[PDB]
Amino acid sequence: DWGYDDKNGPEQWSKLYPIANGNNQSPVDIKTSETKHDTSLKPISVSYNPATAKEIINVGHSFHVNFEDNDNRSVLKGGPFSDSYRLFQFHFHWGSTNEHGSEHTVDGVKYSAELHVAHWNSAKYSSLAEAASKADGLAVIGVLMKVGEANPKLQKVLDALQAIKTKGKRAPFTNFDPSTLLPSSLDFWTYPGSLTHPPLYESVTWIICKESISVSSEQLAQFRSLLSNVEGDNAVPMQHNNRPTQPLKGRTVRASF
């Protein structure tokens, strides 16, 4: 059992998960003076089918929007990949206040939230369960979210939260293309990393967008409005779910720009 509280939070994660102190841990601080431009990086190509949208689930520490991943209807290609990767999920991370909330930071700057759009290597592997722990198994697009104007594209997601207010609650969530949440420029950083929460597998090639997306202070309050408790128990709001940044351990962050 793990979380983002005092006793079960990021600090204690190595007790159950020793890879927490590994050499390919996420998230990281992207230092733009220390990044290395790479001319071999292809553009990011996302092509999602809105019909693959499936379900929204309250997982206690966060909420997930899951996607049907039986075929290649919704794929990521390009960037640093020769393989095609299949969309399975998106979710968010946020903080207790507007001051923090993102997982990744750029030149020490914390943003208010972060969108993760996650994919698995369907070219090399047969399932998410198989891919999830492979070095080249996962591809996650990270988009930093800056507090400002209300993001209208965020609407269908925020509206759906009313149906999944407490832990374990789930509801159908259909006909949504999550590339509509992505910024207009897909200029990016890329580095070898991990899942940002248990089980923390070093299976993720991160794609971090240069361009942020907006979110209002009230849209953030909707995230924090979700409850970590089961129905009938007294309310425990999901205040924050971001992991602190991790030492790069000689890894190199590549820029596409």
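In this text, residue numbers run from 1 along the sequence as written.
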TODO: Between 187-195 and 33-41, point out the one with the higher average CA B-factor as the PDB entry records it.
DONE: 33-41
Task: Mean Cα B-factor comparison, 53-61 or 228-236, giving the higher one as deposited - done: 228-236
TODO: Tell me which of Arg73, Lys146, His119, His116 tops the list for C-alpha B factor in the record.
DONE: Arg73
- [ ] Grab the CA temperature factor for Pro152 from the record and place it in the lowest, middle or highest third of its chain.
- [x] highest
Open item on the list: Please say which third, lowest, middle or highest, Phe173 falls into when its CA temperature factor is compared across its chain.
Closed with: middle
TODO: Relative to the other modelled residues of the same chain, rank the CA B-factor of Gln162 and answer lowest, middle or highest third.
DONE: highest
Task: Ranked against its chain, the third holding the CA B-factor of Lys110 - done: middle
Task: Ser82 CA temperature factor, ranked by third within the chain - done: highest
